[PDB]
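Worksheet for the structure shown next.
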Amino acid sequence: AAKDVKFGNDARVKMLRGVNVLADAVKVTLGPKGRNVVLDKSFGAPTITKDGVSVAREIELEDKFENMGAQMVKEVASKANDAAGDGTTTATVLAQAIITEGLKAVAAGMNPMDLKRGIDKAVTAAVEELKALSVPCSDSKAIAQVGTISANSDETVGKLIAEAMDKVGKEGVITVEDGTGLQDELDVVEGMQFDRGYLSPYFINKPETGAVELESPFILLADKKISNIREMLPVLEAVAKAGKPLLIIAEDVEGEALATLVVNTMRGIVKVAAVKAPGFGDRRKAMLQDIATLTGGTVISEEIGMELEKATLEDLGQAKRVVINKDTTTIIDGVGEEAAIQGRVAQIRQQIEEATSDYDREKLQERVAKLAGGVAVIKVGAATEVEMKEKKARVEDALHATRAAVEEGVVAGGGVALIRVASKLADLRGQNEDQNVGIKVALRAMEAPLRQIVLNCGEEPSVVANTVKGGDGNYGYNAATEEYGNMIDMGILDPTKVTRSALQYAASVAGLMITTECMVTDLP
Amino acid sequence: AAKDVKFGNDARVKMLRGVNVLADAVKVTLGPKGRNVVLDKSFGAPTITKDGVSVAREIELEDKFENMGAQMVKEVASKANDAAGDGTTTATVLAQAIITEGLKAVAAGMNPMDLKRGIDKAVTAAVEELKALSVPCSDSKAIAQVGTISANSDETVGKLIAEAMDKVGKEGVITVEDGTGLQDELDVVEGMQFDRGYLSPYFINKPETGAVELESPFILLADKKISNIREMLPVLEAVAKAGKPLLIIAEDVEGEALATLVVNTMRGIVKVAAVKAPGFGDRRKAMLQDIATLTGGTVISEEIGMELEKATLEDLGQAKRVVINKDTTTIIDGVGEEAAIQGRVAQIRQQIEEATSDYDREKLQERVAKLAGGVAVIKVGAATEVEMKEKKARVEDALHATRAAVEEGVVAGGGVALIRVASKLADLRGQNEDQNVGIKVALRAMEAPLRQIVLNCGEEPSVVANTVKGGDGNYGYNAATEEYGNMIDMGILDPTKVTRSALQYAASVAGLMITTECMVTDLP
Amino acid sequence: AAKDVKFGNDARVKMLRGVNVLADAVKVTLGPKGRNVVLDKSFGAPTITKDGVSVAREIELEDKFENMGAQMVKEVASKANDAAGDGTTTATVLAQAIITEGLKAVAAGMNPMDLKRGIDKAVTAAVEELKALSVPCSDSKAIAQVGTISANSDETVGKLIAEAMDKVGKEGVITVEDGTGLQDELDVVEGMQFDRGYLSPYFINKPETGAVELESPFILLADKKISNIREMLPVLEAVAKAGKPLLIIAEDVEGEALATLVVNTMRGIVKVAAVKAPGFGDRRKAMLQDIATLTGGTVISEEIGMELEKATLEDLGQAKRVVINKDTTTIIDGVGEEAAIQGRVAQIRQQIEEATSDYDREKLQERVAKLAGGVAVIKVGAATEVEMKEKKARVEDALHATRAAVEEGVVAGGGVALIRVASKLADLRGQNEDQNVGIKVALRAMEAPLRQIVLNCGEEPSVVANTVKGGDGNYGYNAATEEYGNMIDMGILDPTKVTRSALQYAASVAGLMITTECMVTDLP
Ligand SMILES: [K+]
Ligand SMILES: [K+]
Ligand SMILES: [K+]
């Protein structure tokens, strides 16, 4: 179709303009004195929220170019949240800060490529400074503390998470679901989890958590790609009877078959969910078998000459429950006999001996870990469905936060870690004045978060910023109480992983925009 | 879709502008000298009314932003009426008052978060002052008086309500329906009430009371979530024959299924209404059964392996009548055999012995109380359908009013309780000048109701206001007679619950708006 | 339909204007300091890229005339990439340079035909100078080096390519596909490749590479033209079952039949792709048999009186994979028995004896070479699907680059070969002043690439250009490091084939435009 093409500066102001709408709408929620954003719904009363992620989701601009700018940082910032369970808004305000100054520099005539290189250098240094600033989270005493803070000072949640992590280990898989009534429950079940998500939304039946949740579903394990639902029919009808949902784990589910599956399940004509098998190549076939054993199913591989039409309800695997993310599938409580599952572990465990490679050995250990490890299940009790649903949410959040803390530690929150780290890189330089400016653009941008928070609090950003810089370590401003002190002691922290991610992603999209010379889009 | 985003002040004036249309349209009806609002209907002659709730229902603005403002206070104020059976208009004029001054303060540069905190502090104090001013309504002599006043001085209605409350107790369930002829009847029957409202309006067939009222309906008790009307068809056709309405009580009724139900019943193609089962977890499954027993129906649980398709008219429960609120479902006169119902009570009653927990013991006691307690049924007689329908309405109102009076007592009406309470909080202060202004904003707003009432009467608001403040306790102005004196003695009161609710809800939405910085809506 | 006709200058500015949008959008990506171009997608976030080919694909202008100019160079420049696996962007910036000056000359009154003749003369000389500048790439030590450079300094890739070329020879067919896991595999299998492309895009299911890729497909060999899908039905339904894709190799696939195929496959209703049988006349029927034998299929020739309707799944040929280009079809790993395939080779090989004509002998030699030769298959291993997919892409690129290097050698990259060659043709003249100008127009244009690269780097083009001219051989500017030196030594090279192609194609379309006097298009 006829396109609308914009070049250089003309294109860049459009982008900036677009990210400014996104950033301005989202940053007002930042900090403890964050404001409310009202999101209109065609049906009923508007939604009032202080959640930057909710606000960002709703942002789409009419001007095609401006919209491209917003969608660009919007996409990258979302990754920060996916990665550490937080930091989307932060990444967004950081991106705005970097992009704004970056573009000014460009307009002044400085080289885009050098500005980007400088920004990157500054960020790389900043990330290292961040690790040095970081305090470890390893003993379950600390784990409980971080969980309590992430749960809005709910010691119960911290306790719950620490207990679960103790059961299945720090690397263990931990799941959280509705409780059966005023009282939590923690149980480890035959189970497993791989890095594959729904092959399409819509399968989503839990819009809240944006996940697919099937109960007592059959599991189809097909070592091949399914493109036409013609092979499915025989098996889909057996699943139609028995009246149970279906999980399809194949090499992939494409076109006509996926399309048909997205529709039917979206019409109550049998609940089905499809996800790619884990991994690729040979080890992908080994894992399909692992799942098989675990779920007492049978893998239907073409190699051996098997056909999906000849597949019967008995070839199907089975587990009490399955949950599917955008990029995660976790099978809860398989039917496989301990005899089977335990012999499977035994096999893999012995192959680890014959392992003639470190890589090969690790990959095998990975698999036994999944089969043998199992799955921790936290049931959140509460007395009144509301309080229960509410706490369940707080648990899910604190869990994701704690997970990250255990991985990369914690640093001062409230935007002070970023400002602290930036104050330490004053002498950092690059290969030319352009890169040096790029570096300063990044260091200045690192003050955006704190400044915004202070701004939302109605205090003078430059004064608080100035003071915090004057201090050391995790010394900072507690926006909530207007008191300076040790941020960690005052319980205002962020998993080092979320701050690191927010910065890296923000810098990433900012770098790309600063180095954009042309934009192509459809005619209005 | 491309959105229209507004920030800060630009957004706030739009909101204010919108709530002003709503408030101005509704407040003219306030007080005894309230004016008429003409509401146009596409068919026939317009409706002339003095009912603020009817007027508010019709308010929707063309400007998207202004409309969001109106819809926001509209939604919160409606809650006041739901909670105490009155106070929506009041909450609305209070909200306008708080929002107007609050925004001025914001424009002057004061901090929104502090203004809100101050408003809240003032309201918290006001509510406590309201409890202190309140006169108890406990003996059935008082109950009758309050009911008489709420029924426009009809001693009969007061007598009726007092008798009913005496039968089933203050906590009892009391229902009212058309009489069989010039003479009231009061009977306690098999019945129950639980805290679940319609899963969607539209099911509403009594716009007046905003309730769904089904007669001799069939009750489907499904232990599971219904998302596709495909499972319903068999049962929906069995109900199509017989020609009776249907109540769906499932774990939930979502998307496709709900959507289809909302439509069909909105086209006379079978009257249906769906509501969530009461409670959650295990106890939700026990209650579903209680209802079943009570209605002589059978629960259709997937656990036991039952399917909705294989559900026959005999599995359905039945009762002479069911009334559904925004948050309440009440089953009147179930078909369940005393044998069954009494045996059920026996079970639960024994479980209370084996109860190894205070909590568990209390929950069981709740259930027996519901089952064993039944429901009081008032049949309003009159001699001429017209007088009967009229009096029936006055009884329903007085009932809701008295219910509230019994819960939290009564205070002077005509807006004087709010002005009285405000006059007592003059020295109330917060943590800074901004919060102090917020407090004053709230105290001033508390005069809005009275002032408006006096204004509608054509008197000088500031003069009456001033005089009433000079007095004490429930001394105030009787707008109807232009005489000052004891508001309670003069029979001009409000259940303390409705005044408390109106204030808290108004303050709630006002606080949210004052702290709004961004608004997102669709492009016109 | 009513047309819009433009003549002379009015038409030419429109064209120029159109190629300027295309060239300006694409050239900003050129050097190692190339900028990003953001390409909008109706769904989701925009695409950020530095790939001139992606950008060019998206360019379409609203003005019909301007659009014709863009599409014209766009089509010819694409051929450069098809021919040598690179050079599209270059060809485009060259075309812009030639067209711009060429048109100025025309406006000044110089003869278009002479200008073109001069441009061509200069290009013919330039191409010869390019062969002379060229360094050979013959021993596998060189082949590995060129592959390593083309794979971003990944020695592994060079090694892989060298090994494969060593197996099947420099003329051999080399294929690359996903690995089975962290480790490369190289195997020679039964296969063949002929010069016939998809009979229609759309069949394309790998937009990235712009190729059709079918796995375990059935191959229909029909010696005749297929114009109506009525003959297909029986065979298409046999393929619908089994659930495998289909490759139609017939004399041709026209109208109704092609139309239907394009659609159905574009709806998941069976993946099909059709291409013309290789060659023509008699030898066309011979090769169809060659393919049949190789894939264990059966040729359905009308001559013998066979009908497509009577064709069964067994008549169909089969291979693990087939890949189709714009102008190439390559069948990977056929099912035909070694016995058959080797007996066929035996036949042809004897016919080479009986050959009574050098021409006939050569043609036969070509066929046995394809049959006997096979296809090398490179499986790229990596440990994590992502790294694997990434490396696979680098391998495919390096492969195409090395193929070209082996054919015509390598020359200095970064645009210096073109500038070097131009500097050597200063005294080149034609038959009149108009041709002489044409020559200078071309020689000047040859500086475009380097100058643009230098420009994107933020350096003064004329200065770098001037210095590089002053040197000799492959002495040039390394835009990446800002250092002058031997371009080949510094590892900055281009297969002589891509530079030659880029220039000839650019000059080709430029010559056509310079000699355009009229343009006809539809009315807006
Ligand atoms: K917040
Ligand atoms: K009134
Ligand atoms: K490039």
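Each chain in the structure tokens gets a letter, A, B and so on, in the order shown; residues start at 1 in every chain, and ligands are counted from 1 in the order they appear.
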
Practice task
Write out as a VMD selection string all residues of stretch 153-369 of chain A that backbone DSSP assigns to helix (DSSP H, G or I).
Solution key: chain A and resid 155 to 168 233 to 243 255 to 267 281 to 295 308 to 310 338 to 354 358 to 369

Handout entry: Filtered DSSP result for stretch 37-286 of chain A, state strand (DSSP E), as number ranges by chain
Key = A: 37-39, 47-49, 174-178, 185-189, 191-194, 212-215, 218-226, 246-253, 272-276

Output file for the residues above (N, CA and C atoms, as a short mmCIF file (atom, residue, chain, number, x, y, z; two decimals), in the first residue's frame):
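Below you can see selection09.cif, which holds the result:
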data_model
loop_
_atom_site.label_atom_id
_atom_site.label_comp_id
_atom_site.auth_asym_id
_atom_site.auth_seq_id
_atom_site.Cartn_x
_atom_site.Cartn_y
_atom_site.Cartn_z
N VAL A 37 -4.39 7.27 37.21
CA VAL A 37 -4.62 7.46 35.79
C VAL A 37 -5.97 6.81 35.56
N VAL A 38 -6.87 7.52 34.89
CA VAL A 38 -8.19 6.98 34.62
C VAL A 38 -8.24 6.42 33.21
N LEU A 39 -8.48 5.12 33.12
CA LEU A 39 -8.54 4.43 31.84
C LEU A 39 -10.00 4.11 31.51
N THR A 47 -11.76 2.89 34.79
CA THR A 47 -10.87 2.19 35.71
C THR A 47 -9.90 3.21 36.25
N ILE A 48 -9.74 3.26 37.56
CA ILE A 48 -8.78 4.20 38.13
C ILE A 48 -7.61 3.31 38.55
N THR A 49 -6.39 3.69 38.18
CA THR A 49 -5.25 2.86 38.51
C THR A 49 -3.96 3.64 38.73
N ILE A 174 8.03 -23.11 41.72
CA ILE A 174 7.00 -22.79 42.70
C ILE A 174 5.77 -22.19 42.02
N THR A 175 4.62 -22.81 42.27
CA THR A 175 3.33 -22.40 41.72
C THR A 175 2.40 -21.91 42.82
N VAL A 176 1.52 -20.96 42.49
CA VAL A 176 0.57 -20.46 43.48
C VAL A 176 -0.85 -20.45 42.92
N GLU A 177 -1.80 -20.98 43.70
CA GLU A 177 -3.20 -21.06 43.30
C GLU A 177 -4.17 -20.74 44.43
N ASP A 178 -5.46 -20.63 44.09
CA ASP A 178 -6.49 -20.32 45.09
C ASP A 178 -6.52 -21.35 46.20
N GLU A 185 -1.60 -23.83 52.22
CA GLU A 185 -1.17 -25.21 52.10
C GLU A 185 0.03 -25.22 51.17
N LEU A 186 1.02 -26.03 51.50
CA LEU A 186 2.20 -26.13 50.68
C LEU A 186 2.45 -27.61 50.43
N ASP A 187 2.49 -28.00 49.16
CA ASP A 187 2.72 -29.39 48.80
C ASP A 187 3.57 -29.51 47.55
N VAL A 188 4.45 -30.50 47.51
CA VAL A 188 5.28 -30.70 46.32
C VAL A 188 4.64 -31.86 45.55
N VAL A 189 4.44 -31.71 44.25
CA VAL A 189 3.79 -32.77 43.49
C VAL A 189 4.59 -33.24 42.26
N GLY A 191 5.77 -33.34 39.04
CA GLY A 191 5.48 -32.29 38.08
C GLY A 191 6.71 -31.78 37.37
N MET A 192 6.51 -30.86 36.44
CA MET A 192 7.63 -30.33 35.68
C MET A 192 7.27 -29.01 35.01
N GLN A 193 8.28 -28.26 34.58
CA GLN A 193 8.04 -26.98 33.91
C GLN A 193 9.08 -26.66 32.85
N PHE A 194 8.62 -26.35 31.64
CA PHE A 194 9.53 -26.00 30.55
C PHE A 194 9.26 -24.61 29.98
N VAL A 212 -3.26 -19.82 30.81
CA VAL A 212 -4.18 -20.90 30.44
C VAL A 212 -4.17 -21.87 31.62
N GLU A 213 -5.35 -22.27 32.07
CA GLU A 213 -5.40 -23.16 33.21
C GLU A 213 -6.37 -24.29 32.93
N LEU A 214 -5.81 -25.47 32.69
CA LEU A 214 -6.60 -26.66 32.39
C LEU A 214 -6.56 -27.62 33.58
N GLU A 215 -7.72 -28.20 33.92
CA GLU A 215 -7.80 -29.13 35.04
C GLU A 215 -8.09 -30.54 34.57
N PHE A 218 -5.95 -34.07 29.36
CA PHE A 218 -5.21 -35.14 28.71
C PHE A 218 -4.07 -34.41 28.03
N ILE A 219 -2.96 -35.10 27.85
CA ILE A 219 -1.84 -34.46 27.21
C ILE A 219 -1.41 -35.21 25.96
N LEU A 220 -1.51 -34.55 24.81
CA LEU A 220 -1.08 -35.17 23.56
C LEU A 220 0.40 -34.84 23.28
N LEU A 221 1.21 -35.88 23.17
CA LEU A 221 2.63 -35.71 22.90
C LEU A 221 2.93 -36.19 21.47
N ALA A 222 3.10 -35.23 20.56
CA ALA A 222 3.37 -35.53 19.16
C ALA A 222 4.68 -34.95 18.65
N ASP A 223 5.64 -35.83 18.40
CA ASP A 223 6.96 -35.45 17.89
C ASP A 223 6.86 -35.15 16.39
N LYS A 224 6.35 -33.96 16.08
CA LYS A 224 6.19 -33.49 14.70
C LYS A 224 5.43 -32.17 14.72
N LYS A 225 5.25 -31.55 13.56
CA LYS A 225 4.52 -30.30 13.48
C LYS A 225 3.11 -30.58 12.99
N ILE A 226 2.12 -29.98 13.64
CA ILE A 226 0.73 -30.19 13.24
C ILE A 226 0.23 -28.94 12.52
N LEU A 246 -7.69 -30.58 26.79
CA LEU A 246 -6.54 -31.21 26.16
C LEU A 246 -5.35 -30.28 26.00
N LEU A 247 -4.18 -30.82 26.30
CA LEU A 247 -2.95 -30.07 26.12
C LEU A 247 -2.22 -30.72 24.94
N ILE A 248 -1.84 -29.91 23.95
CA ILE A 248 -1.11 -30.43 22.79
C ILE A 248 0.34 -29.96 22.85
N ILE A 249 1.26 -30.90 23.07
CA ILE A 249 2.68 -30.57 23.09
C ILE A 249 3.29 -31.24 21.85
N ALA A 250 3.51 -30.45 20.79
CA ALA A 250 4.09 -30.97 19.55
C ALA A 250 5.29 -30.12 19.16
N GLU A 251 5.94 -30.47 18.05
CA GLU A 251 7.10 -29.71 17.58
C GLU A 251 6.64 -28.29 17.28
N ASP A 252 5.37 -28.17 16.92
CA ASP A 252 4.75 -26.89 16.61
C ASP A 252 3.33 -27.15 16.09
N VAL A 253 2.47 -26.14 16.22
CA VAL A 253 1.09 -26.23 15.74
C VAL A 253 0.88 -24.98 14.90
N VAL A 272 -8.94 -26.74 24.72
CA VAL A 272 -7.65 -27.21 24.25
C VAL A 272 -6.60 -26.12 24.28
N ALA A 273 -5.35 -26.52 24.52
CA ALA A 273 -4.25 -25.58 24.56
C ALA A 273 -3.06 -26.26 23.92
N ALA A 274 -2.36 -25.54 23.05
CA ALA A 274 -1.19 -26.09 22.38
C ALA A 274 0.07 -25.26 22.63
N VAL A 275 1.18 -25.97 22.83
CA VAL A 275 2.48 -25.34 23.08
C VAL A 275 3.57 -26.18 22.41
N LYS A 276 4.63 -25.51 21.96
CA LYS A 276 5.76 -26.19 21.32
C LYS A 276 6.42 -27.11 22.34
#

Problem - Residue neighbourhood residue B:293, 6 Å, only C-alpha atoms, exclusion window fewer than 2 positions, as a PyMOL selection string - result: chain B and resi 290-291+295-296+336+341

Write to file, as a PDB file, in the first residue's frame, the residues of the selection just made, with N, CA, C and O atoms.
ATOM      1  N   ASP B 290     -26.793 -26.832  50.266  1.00  0.00           N
ATOM      2  CA  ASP B 290     -27.827 -26.307  51.157  1.00  0.00           C
ATOM      3  C   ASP B 290     -28.951 -25.724  50.313  1.00  0.00           C
ATOM      4  O   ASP B 290     -30.128 -25.972  50.570  1.00  0.00           O
ATOM      5  N   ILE B 291     -28.579 -24.942  49.303  1.00  0.00           N
ATOM      6  CA  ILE B 291     -29.566 -24.335  48.430  1.00  0.00           C
ATOM      7  C   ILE B 291     -30.356 -25.445  47.774  1.00  0.00           C
ATOM      8  O   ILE B 291     -31.586 -25.428  47.799  1.00  0.00           O
ATOM      9  N   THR B 295     -34.296 -25.956  47.837  1.00  0.00           N
ATOM     10  CA  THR B 295     -35.100 -25.819  46.631  1.00  0.00           C
ATOM     11  C   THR B 295     -35.502 -27.151  46.005  1.00  0.00           C
ATOM     12  O   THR B 295     -36.143 -27.177  44.946  1.00  0.00           O
ATOM     13  N   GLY B 296     -35.122 -28.250  46.655  1.00  0.00           N
ATOM     14  CA  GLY B 296     -35.445 -29.567  46.136  1.00  0.00           C
ATOM     15  C   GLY B 296     -34.787 -29.835  44.795  1.00  0.00           C
ATOM     16  O   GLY B 296     -35.346 -30.519  43.938  1.00  0.00           O
ATOM     17  N   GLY B 336     -38.141 -27.715  48.604  1.00  0.00           N
ATOM     18  CA  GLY B 336     -37.556 -28.782  49.402  1.00  0.00           C
ATOM     19  C   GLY B 336     -38.438 -29.258  50.547  1.00  0.00           C
ATOM     20  O   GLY B 336     -39.016 -28.451  51.283  1.00  0.00           O
ATOM     21  N   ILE B 341     -34.855 -30.755  54.255  1.00  0.00           N
ATOM     22  CA  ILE B 341     -34.318 -29.544  54.844  1.00  0.00           C
ATOM     23  C   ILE B 341     -33.977 -29.735  56.319  1.00  0.00           C
ATOM     24  O   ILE B 341     -32.888 -29.378  56.762  1.00  0.00           O
TER      25      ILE B 341
END

Exercise for the section: Would you mind listing what lies within 10 Å of residue B:470 as a PyMOL selection string, with only C-alpha atoms counted and same-chain residues fewer than 6 positions away left out? Expected result: chain B and resi 420+423+464+476

Problem - Protein and nucleic residues near ligand 1, 9 Å, only C-alpha atoms and all ligand atoms, as a PyMOL selection string - result: chain A and resi 28-35+49-52

Restricting it to N, CA and C atoms, dump the selection as a PDB file, in the first residue's frame.
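File written: out_0.pdb
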ATOM      1  N   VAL A  28       3.553   9.425  35.947  1.00  0.00           N
ATOM      2  CA  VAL A  28       2.820  10.082  37.011  1.00  0.00           C
ATOM      3  C   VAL A  28       2.483   9.081  38.108  1.00  0.00           C
ATOM      4  N   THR A  29       2.572   7.792  37.801  1.00  0.00           N
ATOM      5  CA  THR A  29       2.254   6.774  38.799  1.00  0.00           C
ATOM      6  C   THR A  29       3.475   6.370  39.616  1.00  0.00           C
ATOM      7  N   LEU A  30       4.655   6.743  39.138  1.00  0.00           N
ATOM      8  CA  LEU A  30       5.900   6.374  39.799  1.00  0.00           C
ATOM      9  C   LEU A  30       6.087   6.868  41.217  1.00  0.00           C
ATOM     10  N   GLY A  31       6.589   5.970  42.054  1.00  0.00           N
ATOM     11  CA  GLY A  31       6.839   6.291  43.443  1.00  0.00           C
ATOM     12  C   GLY A  31       5.646   6.024  44.337  1.00  0.00           C
ATOM     13  N   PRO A  32       5.795   6.259  45.652  1.00  0.00           N
ATOM     14  CA  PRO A  32       4.762   6.067  46.674  1.00  0.00           C
ATOM     15  C   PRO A  32       3.687   7.156  46.681  1.00  0.00           C
ATOM     16  N   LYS A  33       3.993   8.327  46.120  1.00  0.00           N
ATOM     17  CA  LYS A  33       3.009   9.413  46.046  1.00  0.00           C
ATOM     18  C   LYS A  33       2.496   9.523  44.603  1.00  0.00           C
ATOM     19  N   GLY A  34       2.578   8.402  43.884  1.00  0.00           N
ATOM     20  CA  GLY A  34       2.143   8.340  42.500  1.00  0.00           C
ATOM     21  C   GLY A  34       0.686   8.704  42.352  1.00  0.00           C
ATOM     22  N   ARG A  35       0.335   9.286  41.208  1.00  0.00           N
ATOM     23  CA  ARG A  35      -1.035   9.700  40.949  1.00  0.00           C
ATOM     24  C   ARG A  35      -1.886   8.611  40.288  1.00  0.00           C
ATOM     25  N   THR A  49      -6.391   3.693  38.184  1.00  0.00           N
ATOM     26  CA  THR A  49      -5.246   2.857  38.513  1.00  0.00           C
ATOM     27  C   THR A  49      -3.960   3.640  38.727  1.00  0.00           C
ATOM     28  N   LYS A  50      -3.021   3.012  39.425  1.00  0.00           N
ATOM     29  CA  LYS A  50      -1.719   3.614  39.674  1.00  0.00           C
ATOM     30  C   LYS A  50      -0.672   2.659  39.125  1.00  0.00           C
ATOM     31  N   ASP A  51      -1.140   1.694  38.335  1.00  0.00           N
ATOM     32  CA  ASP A  51      -0.275   0.697  37.733  1.00  0.00           C
ATOM     33  C   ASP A  51       0.225   1.113  36.356  1.00  0.00           C
ATOM     34  N   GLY A  52       1.512   1.446  36.291  1.00  0.00           N
ATOM     35  CA  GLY A  52       2.105   1.870  35.037  1.00  0.00           C
ATOM     36  C   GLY A  52       1.957   0.866  33.913  1.00  0.00           C
TER      37      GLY A  52
END

Exercise for the section: Rank nothing, just name the residue among A:411, A:1, A:11, A:55 nearest to chain B, using only C-alpha atoms. Expected result: A:55

Practice task
Could you please tell me, as a ChimeraX atom specification, which residues of chain C have an atom within 8 Å of chain A when using only C-alpha atoms?
Solution key: /C:21,25,28,33,35-41,44-46,48,58-62,179-181,241,243,267-270,384-385,457-458

Given the selection you just returned, output its residues as a file containing C-alpha atoms, formatted as a PDB file, in the first residue's frame.
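Result written to out-v9.pdb:
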ATOM      1  CA  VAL C  21      12.438   8.269  -1.863  1.00  0.00           C
ATOM      2  CA  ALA C  25      15.331   5.413   2.580  1.00  0.00           C
ATOM      3  CA  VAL C  28      21.016   5.515   5.199  1.00  0.00           C
ATOM      4  CA  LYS C  33      27.876   3.113  10.677  1.00  0.00           C
ATOM      5  CA  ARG C  35      21.426   3.967  10.539  1.00  0.00           C
ATOM      6  CA  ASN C  36      18.202   2.253  11.572  1.00  0.00           C
ATOM      7  CA  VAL C  37      15.016   2.408   9.553  1.00  0.00           C
ATOM      8  CA  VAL C  38      11.766   1.757  11.377  1.00  0.00           C
ATOM      9  CA  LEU C  39       9.222  -0.208   9.372  1.00  0.00           C
ATOM     10  CA  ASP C  40       5.671  -0.126  10.674  1.00  0.00           C
ATOM     11  CA  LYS C  41       3.567  -3.265  10.896  1.00  0.00           C
ATOM     12  CA  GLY C  44       2.241  -4.746  17.288  1.00  0.00           C
ATOM     13  CA  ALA C  45       5.546  -2.919  17.554  1.00  0.00           C
ATOM     14  CA  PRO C  46       7.424  -1.551  14.556  1.00  0.00           C
ATOM     15  CA  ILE C  48      13.779  -1.656  13.468  1.00  0.00           C
ATOM     16  CA  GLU C  58       8.292  -1.797   1.978  1.00  0.00           C
ATOM     17  CA  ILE C  59       8.622   1.164  -0.362  1.00  0.00           C
ATOM     18  CA  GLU C  60       5.557   2.025  -2.429  1.00  0.00           C
ATOM     19  CA  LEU C  61       4.568   5.584  -3.254  1.00  0.00           C
ATOM     20  CA  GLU C  62       1.089   7.102  -3.562  1.00  0.00           C
ATOM     21  CA  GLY C 179      20.975 -28.677  13.549  1.00  0.00           C
ATOM     22  CA  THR C 180      19.948 -31.426  15.928  1.00  0.00           C
ATOM     23  CA  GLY C 181      21.931 -29.914  18.762  1.00  0.00           C
ATOM     24  CA  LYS C 241      -4.697 -37.298   3.680  1.00  0.00           C
ATOM     25  CA  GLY C 243      -1.009 -34.708   5.645  1.00  0.00           C
ATOM     26  CA  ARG C 267      -5.331 -20.833   3.774  1.00  0.00           C
ATOM     27  CA  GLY C 268      -3.549 -23.796   5.339  1.00  0.00           C
ATOM     28  CA  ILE C 269      -5.699 -26.015   3.132  1.00  0.00           C
ATOM     29  CA  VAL C 270      -2.691 -28.163   2.127  1.00  0.00           C
ATOM     30  CA  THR C 384      19.864 -23.180  22.508  1.00  0.00           C
ATOM     31  CA  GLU C 385      17.510 -22.816  19.562  1.00  0.00           C
ATOM     32  CA  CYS C 457      30.146   7.698   9.498  1.00  0.00           C
ATOM     33  CA  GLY C 458      30.105  11.441   9.895  1.00  0.00           C
TER      34      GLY C 458
END

Exercise for the section: State the Cα RMSD (Å, one decimal) obtained when chain A is least-squares superposed onto chain C, all Cα atoms paired in order. Expected result: 1.0 Å

Exercise for the section: Measuring atom to atom with only C-alpha atoms and all ligand atoms, identify which of B:325, B:452, B:350, B:42 is nearest to ligand 2. Expected result: B:452

Practice task
Find the spatial neighbours of residue C:507, counting only C-alpha atoms, within a cut-off of 9 Å - ignore same-chain residues fewer than 2 positions away - and output them as a PyMOL selection string.
Solution key: chain C and resi 91+94-95+98-99+116+119-120+123+442+502-505+509-512

Resulting file, chosen residues, C-alpha atoms, as a compact mmCIF listing (two decimals), in the first residue's frame:
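Output (selection-v9.txt):
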# COMPACT_ATOMS: atom_id res chain seq x y z
CA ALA C 91 22.84 -0.98 -6.92
CA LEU C 94 24.43 3.75 -7.78
CA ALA C 95 21.21 3.94 -9.79
CA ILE C 98 23.51 7.78 -12.43
CA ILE C 99 19.88 8.81 -12.91
CA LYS C 116 23.26 6.02 -22.20
CA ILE C 119 27.35 5.24 -19.42
CA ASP C 120 27.37 1.73 -20.82
CA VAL C 123 30.50 0.39 -17.16
CA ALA C 442 28.98 6.93 -14.71
CA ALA C 502 25.42 -4.02 -8.53
CA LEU C 503 27.02 -1.75 -11.12
CA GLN C 504 25.65 -3.43 -14.24
CA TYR C 505 22.10 -3.62 -12.91
CA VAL C 509 17.77 0.69 -15.07
CA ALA C 510 19.43 4.12 -15.11
CA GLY C 511 19.95 3.82 -18.82
CA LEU C 512 16.31 2.95 -19.34
